[PDB]
Each structure stands twice: as C-alpha cells, then as structure tokens.
Amino acid sequence: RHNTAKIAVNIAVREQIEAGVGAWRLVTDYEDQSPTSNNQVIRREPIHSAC
Amino acid sequence: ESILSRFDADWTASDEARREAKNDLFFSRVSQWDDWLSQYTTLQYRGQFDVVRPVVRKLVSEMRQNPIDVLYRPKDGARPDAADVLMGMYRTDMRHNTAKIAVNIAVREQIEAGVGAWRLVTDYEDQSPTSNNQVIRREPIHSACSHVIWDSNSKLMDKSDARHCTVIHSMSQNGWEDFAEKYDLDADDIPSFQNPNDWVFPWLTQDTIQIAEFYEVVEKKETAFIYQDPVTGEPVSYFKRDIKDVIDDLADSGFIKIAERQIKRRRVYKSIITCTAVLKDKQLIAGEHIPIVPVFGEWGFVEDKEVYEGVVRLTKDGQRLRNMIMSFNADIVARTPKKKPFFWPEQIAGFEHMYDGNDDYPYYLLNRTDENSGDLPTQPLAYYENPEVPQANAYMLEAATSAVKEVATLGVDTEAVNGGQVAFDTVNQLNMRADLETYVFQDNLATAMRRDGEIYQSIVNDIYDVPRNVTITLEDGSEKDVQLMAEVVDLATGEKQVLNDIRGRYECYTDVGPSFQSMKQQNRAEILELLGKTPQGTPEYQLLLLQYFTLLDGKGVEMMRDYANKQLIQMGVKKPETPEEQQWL
C-alpha cells in the first residue's frame with residue numbers, strides 16, 4: 001500500500017549529519033486511521049522539527 | 001467576533017513581509033529579471049545577465065523516465081474476472097488531455113515559481129451520456145508563491161479526508177468566472193486582499209482582484225461504535241472511548257443493542273470563516289469527500305523564517321563583481337578626458353579645421369622658446385598610462401565561472417548500471433497516482449451500472465418447485481444454445497450505491513516503480529546489456545510461443561486466443577477470460 005517513503009528517509013539520514021538526531025513521529029495508540037480487521041499498518045515517519 | 005483564532009494568525013503573513021516575504025521572490029528574480037541588491041553610487045544601464053540557465057535548464061531535461069507507464073496491479077480482494085464493471089474506463093490513457101504537460105510543470109515545481117495549487121473539476125459532468133466510463137484532466141496554478149501560506153498536514157498525504165486550505169479558482173477581471181454557476185451578479189462582495197507589491201508609487205499596475213474564501217476547516221470526528229450508558233438521562237449523552245483490551249461478553253448484563261451510528265453533527269457555524277461573509281449555503285455534498293488533493297514535492301523547513309531548497313543560484317559569490325568589468329571599461333570608455341600626446345602642445349587645440357580631418361595631416365606651429373629658466377630633461381611621458389590590465393581574471397574568472405567542480409559533479413555516470421534517479425524523481429511518482437487515487441478511495445453515489453440498483457430479481461425463484469414428477473434431461477443437443485436460462489439460482493446478491501470502505505469493490509493500489517510496463521517486461525530484461533533470455537528446449541515450446549505477446553490484447557490477430565479450442569484440449573490449459581463461446585465436435 002506504501003511501497004517507498006519519499007522524503008522521510010531522505011532528510012532523516014541527512015539531518016543527523018546536519019543537526020543532532022530528533023524523534024520519530026507516529027499515530028498515537030489506535031482506532032483513528034482505517035481501523036478494521038487486517039488493514040492495519042502505519043508506515044515509518046520522523047517527528048516534526050524537535051531535533 | 002470574540003475569538004480572533006484563524007484571522008489573527010493570518011495577520012502575521014505581512015508582519016514578516018518586510019523581511020522574508022517581499023524578497024522571497026528570489027526564485028524568479030535570479031532565474032529572471034533583476035537581482036539588484038547592495039548598489040550605491042551608480043548609473044542606470046545594466047540588467048540582462050543570463051548565466052543561470054546552465055544550472056536550471058538540464059533539470060527539466062534531466063529525466064525522461066518520470067512518466068513510468070505501468071499496468072494493473074491485482075490483489076486478493078476480487079479476482080481479475082470480478083472487475084467486470086469497468087472494462088475500458090482508464091484503459092484509454094487519459095481522455096483527450098491538456099494536462100499531459102501539467103505534471104511536467106509539477107516536476108520542476110519544488111520551487112520554480114513558488115509552489116502552485118492543484119485544480120480538479122469542481123462539479124459533475126455537463127455532457128451526460130450513458131455507460132459512464134469517465135476520464136479526466138488536471139491543471140495547477142501559476143504565481144501564488146508567497147501569497148498563499150500552508151500550515152495544515154504537509155507530511156503524509158493520502159488525502160483520505162477533505163481538509164483543505166483555500167479552494168476556489170480564478171484570478172482576473174474575468175476571474176469572476178469561478179462562480180459563474182453561482183450567485184454572480186455585480187461582484188460586490190468587496191474584500192481587501194493581499195497587495196504586497198513594493199510601492200514608492202512612481203509608475204503603475206496594482207489590481208485588487210482576488211477571490212478567496214475558506215472552504216473546509218479542521219474536521220474532527222469520533223466514533224468508537226456500539227458502546228454507551230443507556231440510563232439516567234445522560235447530560236451530553238455522548239462521550240469518549242479509546243482503549244480496548246480486557247473487555248469480554250457483557251450481552252446478558254443488560255439491554256440488547258442492534259444499533260447503528262447515525263452521523264451526529266451540529267457544527268457550530270463560523271460559516272466558512274470569511275473575514276467578511278458568504279452569501280450562500282448548502283455545501284453538503286454526497287458520499288465521502290471532494291476529489292481535489294494537493295500536489296507536493298520534498299518538504300523541509302527549520303524555524304519562523306527560512307529560504308528553501310537551493311538549486312538555481314549557487315554562484316552568487318562571483319555574480320556580483322565579475323560585472324565590475326562594466327566599471328573597468330564601459331566606465332572608462334566614457335569618462336576619458338582626451339588621451340593626449342603632450343610633446344610641444346602647450347597651446348594644443350587650434351582652429352576648427354585641425355580636428356575636422358581637412359586635406360592632409362601635417363600640422364602648423366609646434367614652437368619652443370623659453371625666458372629665463374635653465375634647461376634640463378623635462379620628460380612628458382604621460383598618455384594617461386595603463387588600464388587595470390586584469391591579471392587575477394586569468395585565475396579568478398574560473399572560480400565565478402566554475403563552482404561546478406562542487407556542483408555539476410553530482411551523479412557522474414553514463415548509462416546501464418548506476419542509474420540516474422535523483423531525489424527529484426523519487427518523490428514525484430506519488431503525484432501520478434492522482435490519475436487514479438482520486439477516483440478510488442472516495443466512495444461516491446450511483447454510477448448505475450445496470451438498471452440502477454435492481455437490488456434483487458430473486459422474485460423469479462417462486463415459480464420452480466415441482467414435486468409430483470421430475471425427470472433428468474434426455475440427451476441434449478439443439479435448442480439450448482446459450483445457457484443461463486433460469487432454473488435454480490443463489491446469486492450472492494448484495495451490492496449498494498455507497499459500499500463504505502469495505503473490500504471486494506476496490507480497484508487498484510499503487511504500482512509505482514521503474515519504467516517497466518507489465519506484460520512480462522522484467523522476465524526478459526532488455527535495456528542495453530543482457531542478451532540470452534529463454535533458449536531452446538522442451539520448456540520454451542510451452543513458454544515463449546504462447547505466453548509472450550508484445551501485441552498486448554490487440555484484436556488484429558484473433559488466433560492469439562484461439563489456440564485453446566480445437567488443439568490443446570487434451571493437455572487442458574486455455575488462458576482466455578472465457579466470456580462466451582464453445583466447440584461443436
């Protein structure tokens with residue numbers, strides 16, 4: 001459903017050279033985006049400018 | 001009103017305008033027009049200098065592999081012959097399209113002219129045939145660089161929800177086009193909009209025309225179905241539930257349920273949040289959301305004010321004083337007061353005809369006499385002597401000429417291994433799904449494939465049950481012809497206009513990858529290198545001949561799919577989709 005992470009992997013690996021590492025964003029807990037049997041995976045993503 | 005929320009923060013745009021936003025035009029100011037910055041004590045004439053195309057120009061010619069023609073990912077939800085409701089819908093490529101260039105405008109839009117906003121088909125079709133089979137068009141917008149500011153989502157967008165910043169489309173004195181279906185009388189709504197064109201007021205061209213009223217703002221929704229507290233009267237009956245771990249069967253603890261969630265919304269109306277007002281109502285539309293989405297490149301930002309994604313101008317070092325040559329020569333070819341050969345011209349310039357080029361050149365009265373002096377070597381050497389005779393530009397001309405040792409060295413390779421995919425391409429493929437993503441994840445009301453709903457014809461099941469005498473059919477040739485005449489049926493009937501998010505009606509998901517267009521393209525990988533694919537032997541007799549057709553589904557040869565009927569039946573493989581007909585024998 002999501003084959004590749006477009007910019008998320010790109011700036012994350014470059015930022016750690018540029019600045020100190022940050023956090024990694026995710027949907028908190030459950031039952032908001034597309035709840036159902038099967039159907040549940042949330043793709044990787046860094047946090048917002050907390051680095 | 002009492003709360004300034006959406007407006008007050010929107011007064012901040014012009015607060016940084018005097019610093020970042022008025023000079024944020026750099027993209028088009030370095031790419032075109034005038035970069036004038038620090039100048040003082042100057043004269044006018046200057047200002048066509050184009051060295052910036054070499055860096056910007058190859059990126060639009062960079063990659064021809066962006067179009068990525070790809071076909072038909074299947075899945076396990078519905079088998080490929082269960083897709084029968086569409087057929088040739090998007091098999092058409094796209095409609096007859098002005099937008100085949102539009103995506104090519106979008107791929108350079110990471111900055112270019114400040115990122116534009118994307119536009120799709122405000123309302124339904126004017127042309128109304130049957131057998132819908134609907135393809136479509138797209139356009140972005142121009143300008144709108146720093147004039148629009150986006151704090152919304154900006155990170156992971158599948159746009160499963162319709163939250164948008166501002167959607168209404170036009171700018172012009174005919175821009176009142178946008179509402180042509182709507183109210184549309186005198187255009188009297190009188191807003192005040194966004195005029196940051198730096199003005200000392202020498203000259204002209206300010207127009208106030210803009211149509212902006214917010215559309216859909218901050219949707220917030222909670223469901224967590226089928227759990228509640230039925231008794232005691234319930235002040236603000238609805239409440240919030242998240243964690244589900246340890247619950248088990250409570251059914252006998254009390255009331256039965258058999259309940260569904262009717263959408264419960266009274267949204268306190270700030271009414272489209274127009275600083276002035278909106279004069280019309282009833283924006284509630286159909287099933288799911290509005291198909292329009294944004295178009296987006298790579299994202300990065302730091303703090304309050306920034307400058308983003310340097311590509312165009314890396315040479316800003318030498319761009320400044322390499323034009324001091326204008327002051328070297330063009331200044332001194334002007335200012336010169338009479339380069340002079342002073343030998344014995346103490347009186348110098350005589351009567352007119354001397355400098356008119358009269359007759360022949362020899363001159364008159366070069367004379368010398370001196371009163372009490374004494375004579376020693378007076379030596380008039382000075383012709384104004386020497387220009388700056390630049391030396392270091394046998395050196396420094398190359399540094400302003402070449403910073404590309406640091407720049408153009410990016411992606412050194414020719415072809416074959418070590419491909420040329422760069423960060424520009426890798427993020428843009430998620431735009432192409434707009435040809436499809438817009439039509440699918442939305443639920444929408446009736447396409448009315450056959451006789452609208454016609455939910456069940458099952459009534460016909462009433463006529464056949466025959467207890468008294470029944471016999472099996474005696475040997476059957478002749479009239480039966482095509483089968484399916486009603487005898488006994490269990491149809492697995494249910495399909496509804498809005499089937500909400502449920503699987504089995506879904507179409508296709510993201511196929512993105514390299515340029516492979518799938519009918520067996522990567523099993524034989526051609527490119528420029530490998531050769532031997534499927535050599536001769538027993539396996540190829542059943543492999544390359546029947547299975548490999550570069551002609552796709554083409555009907556120019558009907559013996560493509562005709563192998564199976566009278567020849568291979570003893571082996572038992574067929575490979576049509578088996579729509580219609582059979583054998584005689």
# chains A, B, ... in the order shown; residues from 1 in each chain; ligands from 1

$ interface_residues --of "chain A" --to "chain B" --cutoff "7 Å" --atoms "only C-alpha atoms" --output "VMD selection string"
chain A and resid 1 6 to 7 49

$ atom_distance --atom1 "CA of residue 272 in chain B" --atom2 "CA of residue 212 in chain B"
11.0 Å

$ residues_around --residues "range 40-48 of chain A" --least-positions-apart "4" --cutoff "9 Å" --atoms "only C-alpha atoms" --output "ChimeraX atom specification"
/A:2,5,8-9,12,22-27,33-36 /B:155-156

$ write_last_selection --atoms "N, CA and C atoms" --output "JSON list (two decimals), in the first residue's frame"
[["chain", "number", "residue", "atom", "x", "y", "z"],
["A", 2, "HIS", "N", 1.96, 1.25, 0.76],
["A", 2, "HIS", "CA", 3.01, 2.26, 0.66],
["A", 2, "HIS", "C", 4.29, 1.52, 0.34],
["A", 5, "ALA", "N", 9.08, 5.29, 1.14],
["A", 5, "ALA", "CA", 8.94, 6.53, 1.91],
["A", 5, "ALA", "C", 9.73, 7.62, 1.19],
["A", 8, "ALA", "N", 10.94, 11.01, 3.82],
["A", 8, "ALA", "CA", 11.12, 10.73, 5.24],
["A", 8, "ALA", "C", 12.48, 10.12, 5.51],
["A", 9, "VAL", "N", 12.87, 9.13, 4.71],
["A", 9, "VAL", "CA", 14.19, 8.53, 4.84],
["A", 9, "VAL", "C", 15.28, 9.50, 4.39],
["A", 12, "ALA", "N", 16.00, 12.44, 7.11],
["A", 12, "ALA", "CA", 16.39, 11.83, 8.38],
["A", 12, "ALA", "C", 17.86, 11.44, 8.38],
["A", 22, "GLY", "N", 16.71, 13.74, 16.05],
["A", 22, "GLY", "CA", 15.43, 14.04, 16.63],
["A", 22, "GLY", "C", 14.64, 12.80, 17.00],
["A", 23, "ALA", "N", 13.33, 12.97, 17.12],
["A", 23, "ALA", "CA", 12.42, 11.89, 17.42],
["A", 23, "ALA", "C", 11.75, 11.40, 16.14],
["A", 24, "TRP", "N", 10.80, 10.48, 16.28],
["A", 24, "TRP", "CA", 10.20, 9.77, 15.16],
["A", 24, "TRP", "C", 8.69, 9.74, 15.36],
["A", 25, "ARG", "N", 7.94, 10.39, 14.46],
["A", 25, "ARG", "CA", 6.51, 10.57, 14.66],
["A", 25, "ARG", "C", 5.77, 9.26, 14.40],
["A", 26, "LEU", "N", 4.63, 9.11, 15.06],
["A", 26, "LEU", "CA", 3.74, 8.00, 14.78],
["A", 26, "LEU", "C", 2.34, 8.38, 15.25],
["A", 27, "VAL", "N", 1.34, 7.70, 14.68],
["A", 27, "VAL", "CA", -0.02, 7.84, 15.17],
["A", 27, "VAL", "C", -0.11, 7.26, 16.57],
["A", 33, "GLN", "N", -7.11, 6.07, 12.02],
["A", 33, "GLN", "CA", -6.93, 5.88, 10.59],
["A", 33, "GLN", "C", -7.19, 4.43, 10.20],
["A", 34, "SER", "N", -8.23, 4.21, 9.40],
["A", 34, "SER", "CA", -8.56, 2.91, 8.83],
["A", 34, "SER", "C", -8.52, 1.74, 9.82],
["A", 35, "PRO", "N", -9.32, 1.80, 10.90],
["A", 35, "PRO", "CA", -9.47, 0.61, 11.75],
["A", 35, "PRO", "C", -10.31, -0.46, 11.07],
["A", 36, "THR", "N", -9.85, -1.70, 11.16],
["A", 36, "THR", "CA", -10.61, -2.87, 10.71],
["A", 36, "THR", "C", -9.70, -4.08, 10.92],
["B", 155, "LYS", "N", 2.91, 16.38, 5.57],
["B", 155, "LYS", "CA", 3.89, 15.31, 5.75],
["B", 155, "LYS", "C", 3.47, 14.03, 5.04],
["B", 156, "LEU", "N", 2.49, 13.30, 5.55],
["B", 156, "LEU", "CA", 1.97, 12.11, 4.89],
["B", 156, "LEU", "C", 0.58, 12.45, 4.37]]

$ select_by_dssp --residues "range 252-449 of chain B" --states "helix (DSSP H, G or I)" --output "ChimeraX atom specification"
/B:252-253,271-273,321-330,332-335,352-354,392-394,396-401,404-406,423-432,434-440

$ atom_distance --atom1 "CA of residue 4 in chain B" --atom2 "CA of residue 276 in chain B"
13.4 Å

$ atom_distance --atom1 "CA of residue 46 in chain B" --atom2 "CA of residue 325 in chain B"
11.8 Å

$ select_by_dssp --residues "range 62-285 of chain B" --states "strand (DSSP E)" --output "VMD selection string"
chain B and resid 118 to 119 139 to 140
